[PDB]
Each structure stands twice: as structure tokens, then as C-alpha cells.
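What follows is the content of coords-v6.csv (CSV, C-alpha atoms).
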```csv
chain,number,residue,atom,x,y,z
A,1,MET,CA,-60.8,-11.8,89.0
A,2,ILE,CA,-61.4,-12.6,85.4
A,3,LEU,CA,-59.3,-15.0,83.3
A,4,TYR,CA,-60.4,-13.4,80.1
A,5,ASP,CA,-58.6,-10.1,81.0
A,6,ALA,CA,-55.4,-11.9,82.0
A,7,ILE,CA,-55.4,-14.0,78.8
A,8,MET,CA,-56.0,-10.8,76.7
A,9,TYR,CA,-53.1,-9.2,78.4
A,10,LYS,CA,-50.6,-11.9,77.5
A,11,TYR,CA,-52.2,-13.3,74.3
A,12,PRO,CA,-53.6,-10.5,72.1
A,13,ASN,CA,-53.6,-12.8,69.1
A,14,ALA,CA,-55.7,-15.5,70.8
A,15,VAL,CA,-59.4,-15.7,70.1
A,16,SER,CA,-62.0,-16.3,72.9
A,17,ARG,CA,-64.8,-18.9,72.2
A,18,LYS,CA,-62.3,-20.3,69.7
A,19,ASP,CA,-58.8,-21.1,70.8
A,20,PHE,CA,-59.9,-21.2,74.4
A,21,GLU,CA,-63.4,-21.8,75.8
A,22,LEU,CA,-64.4,-19.7,78.8
A,23,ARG,CA,-67.1,-20.6,81.3
A,24,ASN,CA,-69.0,-18.2,83.5
A,25,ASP,CA,-68.8,-19.1,87.2
A,26,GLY,CA,-70.5,-15.9,88.4
A,27,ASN,CA,-67.6,-14.5,90.3
A,28,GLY,CA,-65.8,-14.5,87.0
A,29,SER,CA,-65.1,-16.4,83.8
A,30,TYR,CA,-62.4,-19.1,83.7
A,31,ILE,CA,-60.9,-21.5,81.2
A,32,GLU,CA,-63.0,-24.6,80.3
A,33,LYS,CA,-61.4,-25.8,77.1
A,34,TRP,CA,-57.8,-25.3,76.1
A,35,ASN,CA,-56.7,-25.7,72.4
A,36,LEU,CA,-53.6,-23.5,72.5
A,37,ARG,CA,-50.1,-24.8,72.1
A,38,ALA,CA,-49.1,-23.2,75.4
A,39,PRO,CA,-48.6,-24.5,79.0
A,40,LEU,CA,-51.4,-24.1,81.4
A,41,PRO,CA,-50.7,-20.9,83.4
A,42,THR,CA,-50.2,-21.2,87.1
A,43,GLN,CA,-51.8,-19.3,90.0
A,44,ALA,CA,-48.8,-16.9,90.3
A,45,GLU,CA,-48.9,-16.4,86.5
A,46,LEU,CA,-52.6,-15.6,86.4
A,47,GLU,CA,-52.2,-13.2,89.4
A,48,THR,CA,-49.2,-11.6,87.8
A,49,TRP,CA,-51.0,-10.8,84.6
A,50,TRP,CA,-53.8,-9.3,86.7
A,51,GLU,CA,-51.3,-7.4,88.8
A,52,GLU,CA,-49.6,-6.0,85.7
A,53,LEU,CA,-52.9,-5.3,84.0
A,54,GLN,CA,-54.5,-3.6,86.9
A,55,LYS,CA,-51.4,-1.6,88.0
A,56,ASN,CA,-50.9,-0.5,84.5
A,57,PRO,CA,-54.0,0.7,82.5
A,58,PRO,CA,-53.7,-0.3,78.8
A,59,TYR,CA,-53.2,2.5,76.3
A,60,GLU,CA,-56.7,2.6,74.9
```
Show this structure as C-alpha cells.
Amino acid sequence: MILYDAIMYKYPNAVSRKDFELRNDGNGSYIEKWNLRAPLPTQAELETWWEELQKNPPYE
């Protein structure tokens, strides 16, 4: 899965390559640098955002 998508689901006002630095693993992109005043999300949290995002298509 991709962290970027999950982050964009919960934090629409957060800027990538700015507030948080992403790194490309190849199987996905995850969090390298964290400059946000927010606790580091847990596995369950990361999965839940993905679960909620993929089970519910955003209103594009």
C-alpha cells in the first residue's frame, strides 16, 4: 500500500515534500521525515485509513 494516499485521506491540509518527506521503496512510498505536530500513526491506523479509502471512493 501507499502511505501518501492514507496521509491524504486524514490530512488534506498537509503538504507532501514539505510537512512530511516521503521515500520510494518500490512497493510503495512511506514516511522518511516527519515535521508535523501529530503522533506517528500505527499499523492499525495506517491500515484503517487505507481500508476506509479503498472501501469508499472519494467524491472526485
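Close contacts of region 39-52 of chain A, defined as residues with an atom at most 9 Å away when counting only C-alpha atoms, with chain neighbours fewer than 3 positions off set aside, comprise residues 1, 2, 3, 5, 6, 7, 9, 10, 34, 36, 55, 56 and 57 of chain A.
When CA of residue 30 (chain A) is paired with CA of residue 11 (chain A), their separation reads 15.0 Å.
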Minimum-distance residue to residue 38 (chain A), chosen among A:26, A:58, A:14, A:4 (using only C-alpha atoms): A:14
Rounded to one decimal in Å, what is the spacing between CA of residue 35 (chain A) and CA of residue 21 (chain A)? 8.5 Å
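Taking CA of residue 20 (chain A) and CA of residue 32 (chain A) as the two end points, the separation is 7.5 Å.
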Around all the atoms of region 31-47 of chain A listed in the file, draw an axis-aligned box and extend it by 6 Å on each of the six sides; I want its centre and edge lengths in Å to one decimal, as lines of an AutoDock Vina configuration file.
```
center_x = -55.8
center_y = -19.5
center_z = 81.2
size_x = 26.4
size_y = 24.6
size_z = 30.2
```
Since the input lacks some atoms of region 7-18 of chain A, please model N, CA, C and O atoms and print them as an mmCIF file, in the coordinates of the input.
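New file result.cif:
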```
data_model
loop_
_atom_site.group_PDB
_atom_site.id
_atom_site.type_symbol
_atom_site.label_atom_id
_atom_site.label_comp_id
_atom_site.auth_asym_id
_atom_site.auth_seq_id
_atom_site.Cartn_x
_atom_site.Cartn_y
_atom_site.Cartn_z
ATOM 1 N N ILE A 7 -55.770 -13.331 80.039
ATOM 2 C CA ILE A 7 -55.400 -14.000 78.800
ATOM 3 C C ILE A 7 -55.238 -12.908 77.680
ATOM 4 O O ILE A 7 -54.313 -12.993 76.879
ATOM 5 N N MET A 8 -56.108 -11.904 77.672
ATOM 6 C CA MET A 8 -56.000 -10.800 76.700
ATOM 7 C C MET A 8 -54.801 -9.968 76.879
ATOM 8 O O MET A 8 -54.345 -9.294 75.955
ATOM 9 N N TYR A 9 -54.261 -9.981 78.090
ATOM 10 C CA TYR A 9 -53.100 -9.200 78.400
ATOM 11 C C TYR A 9 -51.830 -9.888 77.786
ATOM 12 O O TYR A 9 -50.976 -9.229 77.199
ATOM 13 N N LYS A 10 -51.751 -11.205 77.920
ATOM 14 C CA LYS A 10 -50.600 -11.900 77.500
ATOM 15 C C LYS A 10 -50.723 -12.406 76.019
ATOM 16 O O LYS A 10 -49.748 -12.427 75.265
ATOM 17 N N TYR A 11 -51.937 -12.770 75.625
ATOM 18 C CA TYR A 11 -52.200 -13.300 74.300
ATOM 19 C C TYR A 11 -53.191 -12.460 73.522
ATOM 20 O O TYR A 11 -54.383 -12.767 73.517
ATOM 21 N N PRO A 12 -52.736 -11.375 72.874
ATOM 22 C CA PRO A 12 -53.600 -10.500 72.100
ATOM 23 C C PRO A 12 -54.072 -11.164 70.775
ATOM 24 O O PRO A 12 -55.096 -10.788 70.198
ATOM 25 N N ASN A 13 -53.318 -12.152 70.319
ATOM 26 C CA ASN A 13 -53.600 -12.800 69.100
ATOM 27 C C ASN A 13 -54.416 -14.100 69.285
ATOM 28 O O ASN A 13 -54.633 -14.881 68.356
ATOM 29 N N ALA A 14 -54.861 -14.310 70.514
ATOM 30 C CA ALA A 14 -55.700 -15.500 70.800
ATOM 31 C C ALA A 14 -57.166 -15.074 70.804
ATOM 32 O O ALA A 14 -57.534 -13.983 71.242
ATOM 33 N N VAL A 15 -58.006 -15.953 70.274
ATOM 34 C CA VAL A 15 -59.400 -15.700 70.100
ATOM 35 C C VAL A 15 -60.247 -16.432 71.171
ATOM 36 O O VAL A 15 -60.127 -17.658 71.290
ATOM 37 N N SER A 16 -61.075 -15.712 71.917
ATOM 38 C CA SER A 16 -62.000 -16.300 72.900
ATOM 39 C C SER A 16 -63.111 -17.033 72.151
ATOM 40 O O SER A 16 -63.460 -16.660 71.025
ATOM 41 N N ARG A 17 -63.664 -18.069 72.788
ATOM 42 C CA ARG A 17 -64.800 -18.900 72.200
ATOM 43 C C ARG A 17 -64.254 -19.598 70.964
ATOM 44 O O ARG A 17 -65.042 -20.080 70.150
ATOM 45 N N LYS A 18 -62.936 -19.691 70.838
ATOM 46 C CA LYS A 18 -62.300 -20.300 69.700
ATOM 47 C C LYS A 18 -61.086 -21.090 70.049
ATOM 48 O O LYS A 18 -61.128 -22.321 70.030
#
```
